[PDB]
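Listed next as structure tokens is one chain, alone, in the form deposited in one PDB entry.
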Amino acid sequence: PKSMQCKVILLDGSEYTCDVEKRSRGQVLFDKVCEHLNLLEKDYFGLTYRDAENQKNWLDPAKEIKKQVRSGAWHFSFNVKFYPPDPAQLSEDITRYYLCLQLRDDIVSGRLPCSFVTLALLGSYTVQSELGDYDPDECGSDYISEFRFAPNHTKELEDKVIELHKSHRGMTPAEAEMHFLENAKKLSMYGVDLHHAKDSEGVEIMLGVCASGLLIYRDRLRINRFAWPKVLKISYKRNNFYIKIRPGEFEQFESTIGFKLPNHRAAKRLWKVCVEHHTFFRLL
């Protein structure tokens, strides 16, 4: 039995190394990573890899690892795949903990835009979780946390984190993580997977995929939203991605919205992530 070395970037930024038989399906590696993390609520998570176009792809647990990474290195990241609309309903604190780490990366990276005050508040819960109660000793007027809180740090933001941290005295890690999630889950881009596309007129848009449905970001003014109930069918052909929309009551015929993706692979990727979110957030 020939085994391949796999390297997985964990959500705390550490590296986990293991071996799988070279013909292993993605589920085999995923089960090994989840055991290492003591994670039971595995359905929300998945492994990503970077393709030869350098694009993030979900490792399909049902398919051979080798048929997906193809020519690439057996290097992966551990990520949230389905962001729970209501993290309070997850059964385990460790589940909420990994969701927090993913979200901290979403914020720092700028995938999850956040106001000043919400950056500082989220920051303040992370600090309470990780260091416990505010202590002036390791905090002077010039203090700067090791914690990355935002795409761009300012002294004002560091001060606001400390001010809000003072207010959380006695808060346990599980409690701070729950408060973090009750705030994060309300952000307009929470759990939104964005894909670059052009509309049928050739205008640059973003397609968002999330729990509740599809979002078409034309710009800040005029954002189309298709709840899953409204979506009849979605398809891809070549570089094209088409959304079939239900008729309104006493309308005879569905509407079709077509989009142009950068290439055939980007169309197929968007299609797969829509089907997966549609299945998940038709069962939840």
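Note that residue numbering begins at 1 and tracks the sequence as displayed.
Below, we refer to the form solved in complex with a small molecule, which is not included among the displayed structures.
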Inset, instruction - Just give me the single entry in 156, 163, 86, 138 that has a non-hydrogen atom within 4.5 angstroms of the small molecule in the deposited complex. - result: 86
Inset, instruction - Would you please decide whether residue 94 lies within 4.5 angstroms of the small molecule in the deposited complex, comparing each non-hydrogen atom pair? - result: no
Inset, instruction - Answer for residue 150 alone: is it within 4.5 Å of the small molecule in the deposited complex, judged on heavy atom distances? - result: no
